[PDB]
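Peer 1: one piece of my complex first, more on the way:
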Amino acid sequence: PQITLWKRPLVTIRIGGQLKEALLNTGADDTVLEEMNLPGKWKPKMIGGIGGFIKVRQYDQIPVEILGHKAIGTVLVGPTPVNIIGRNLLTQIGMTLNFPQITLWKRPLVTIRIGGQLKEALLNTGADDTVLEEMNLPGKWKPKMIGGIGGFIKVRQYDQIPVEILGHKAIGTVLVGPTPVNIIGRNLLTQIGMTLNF
């Protein structure tokens, strides 16, 4: 089965006996669910995203059913804006990125060429938009706020910027700001024909 990225890759999961909607997120190392009760022991942990760090409860060896596939692993619970299924569980259910095939054992980092520079960037199905580290691109831009795990950051929005990714040409909106990692979001993933497969 194949999941395209023109919309957010949302799926129903079953966890602790309950159904929930969650986002299949190649940009997350970990699985993070909104405030809920889970049985058993847990430990306090901190995780980070765009916007900064948040406190979560780490529950280990939790069973989670996703797209009819059973995973058993770490589930973090905390003030995430969206329920997220990260690579820790995507790998268990055999999910890969395809356009060539990219497994999710490691962060899916690839070289992109943009505004005449080469940079490493994260292929991120949990990102609507493409966000790059600070760079002085020419052209008109307009300010924008984008949200992630820890809150919002201010970015500059540039339109119709050519980006080559894995040898595929793309052209579209690139946001530039103080992101901790360069992110390729669905706006450009769809253009290079990337899908999620299992």
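Peer 2: Looks like it arrived, so ask away. Numbering: from 1, shown residues only, chains lettered A, B, ... in the order given.
Peer 1: Now for the nearest residue to residue A:30 once chain neighbours are set aside: which residues touch it?
Peer 2: Excluding the flanking residues, the one nearest residue A:30 by C-beta to C-beta, 6 or more residues apart in numbering is residue A:86, at 4.6 Å. Yep, even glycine has a C-beta here, placed from its N, CA and C like the rest. Going by C-beta atoms under 8 Å, 6 or more residues apart in numbering, residue A:86 touches A:25, A:28, A:29, A:30, A:31, A:32.
Peer 1: Please type out the PyMOL selection for whichever of the residues you listed turn out to be buried.
Peer 2: Remark: buried members of the contacts of residue A:86, expressed as a PyMOL selection using 16 or more other C-beta atoms under 10 Å:
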select buried, chain A and resi 25+28+30+31+32
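Peer 1: okay if I get the contacts of residue A:86 as a markdown table plus distance to residue A:125?
Peer 2: Listed next are those as a markdown table, based on distance: C-beta to C-beta, whole Å:
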| residue | distance to residue A:125 |
| --- | --- |
| A:25 | 6 |
| A:28 | 9 |
| A:29 | 14 |
| A:30 | 15 |
| A:31 | 14 |
| A:32 | 15 |
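Peer 1: extra chain here, label it chain B:
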Amino acid sequence: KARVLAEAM
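Peer 2: Putting chain B together with the chains above:
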């Protein structure tokens, strides 16, 4: 608003 949900521990 746009969500960009990169995450790491």
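Peer 1: With chain B now part of the structure, what is the answer for the contacts of residue A:86?
Peer 2: Contacts for residue A:86 (C-beta atoms under 8 Å, 6 or more residues apart in numbering or on different chains) come out as A:25, A:28, A:29, A:30, A:31, A:32, B:7.
Peer 1: Surely the fourth one is in contact with residue A:78?
Peer 2: No: with contact defined as C-beta atoms under 8 Å, residue A:30 and residue A:78 do not form a contacting pair (10.4 Å).
Peer 1: Tell me the residues that contact both of the two, please.
Peer 2: Joint contacts of residue A:30 and residue A:78 (C-beta under 8 Å, 6+ apart) are residue A:47.
Peer 1: Can you pull the residues of chain B lying near chain A?
Peer 2: Proximity of chain B to chain A (C-beta under 8 Å from any C-beta of the partner chain) is limited to residues B:1, B:2, B:3, B:4, B:5, B:6, B:7, B:8, B:9.
Peer 1: and the residues you listed as JSON lines, adding distance to residue A:140?
Peer 2: Shown next, in JSON lines, are the residues of chain B next to chain A (distance: C-beta to C-beta, whole Å):
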{"residue": "B:1", "distance to residue A:140": "21"}
{"residue": "B:2", "distance to residue A:140": "19"}
{"residue": "B:3", "distance to residue A:140": "25"}
{"residue": "B:4", "distance to residue A:140": "22"}
{"residue": "B:5", "distance to residue A:140": "28"}
{"residue": "B:6", "distance to residue A:140": "27"}
{"residue": "B:7", "distance to residue A:140": "32"}
{"residue": "B:8", "distance to residue A:140": "33"}
{"residue": "B:9", "distance to residue A:140": "38"}
